[PDB]
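1. Make a model of this:
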Amino acid sequence: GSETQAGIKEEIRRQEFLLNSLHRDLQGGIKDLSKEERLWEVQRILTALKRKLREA
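-> Numbers count the residues shown, from 1 in each chain. Below, you will see the structure:
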């Protein structure tokens, strides 16, 4: 159990970085299902991590 709120902070910087990026890959008449499933993975990781570490 790594109790590191700064952990998700550094992670979420990288995560949100690529998340926003691949989120935009869904825009422009693009038929991509990969980025969206991926952003939800990233989304749920950063969310669940910081919640399990600080909200517990």
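2. only C-alpha atoms for contact and neighbour calcs from this point on.
-> Noted.
3. Residue 48 sits in which helix or strand?
-> Applying DSSP states H and E as the criterion places residue 48 in helix 34-54.
4. Tell me which residues of that helix come out buried.
-> 35, 36, 39, 42, 45, 46, 49, 50 (16 or more other Cα atoms under 10 Å).
5. same check, this time on stretch 16-25
-> Residues of stretch 16-25 classed as buried by neighbour count (16+ other Cα under 10 Å): 16, 18, 19, 22, 23, 25.
6. returning to what we had before: what distance separates the helix holding residue 48 from the centre of its chain?
-> Remark: helix 34-54 is offset 4 Å from the chain centroid, using Cα atoms, centre = their mean, to the nearest Å.
7. residues in contact with that helix?
-> Helix 34-54 has contacts (Cα atoms under 8 Å, 6 or more residues apart in numbering) with 2-5, 8, 11-12, 15-16, 19, 22-23, 25-26.
8. at 7 Å instead, please
-> 3, 4, 5, 8, 12, 15, 19, 22, 23, 26 (Cα atoms under 7 Å, 6 or more residues apart in numbering).
9. What's the local residue count around residue 8?
-> Close neighbours of residue 8, defined as other Cα atoms under 10 Å, add up to 20.
10. And for residue 12, the neighbour number?
-> The number of residues packed around residue 12, counting by other Cα under 10 Å, is 20.
11. hey, C-alpha coordinates of the helix or strand harbouring it in CSV?
-> Per DSSP H and E, residue 12 falls inside helix 5-24. Below are the C-alpha coordinates for helix 5-24, written out as CSV (Å, rounded to 0.1, in the frame of the first residue of the first chain):
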residue,chain,number,x,y,z
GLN,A,5,-1.0,11.5,-3.0
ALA,A,6,1.9,13.1,-4.9
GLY,A,7,2.0,9.7,-6.7
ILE,A,8,-1.2,10.3,-8.5
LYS,A,9,-0.2,13.9,-8.9
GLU,A,10,2.9,13.0,-11.0
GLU,A,11,0.9,10.1,-12.7
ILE,A,12,-2.1,12.3,-13.5
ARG,A,13,0.2,14.8,-15.2
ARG,A,14,1.4,12.1,-17.6
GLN,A,15,-2.0,10.4,-17.7
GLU,A,16,-4.0,13.6,-18.3
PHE,A,17,-1.3,14.6,-20.9
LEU,A,18,-1.9,11.6,-23.1
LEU,A,19,-5.6,11.4,-22.1
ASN,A,20,-6.3,14.8,-23.5
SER,A,21,-4.2,14.0,-26.5
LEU,A,22,-5.8,10.7,-27.4
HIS,A,23,-9.2,12.3,-26.5
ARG,A,24,-8.6,14.7,-29.4
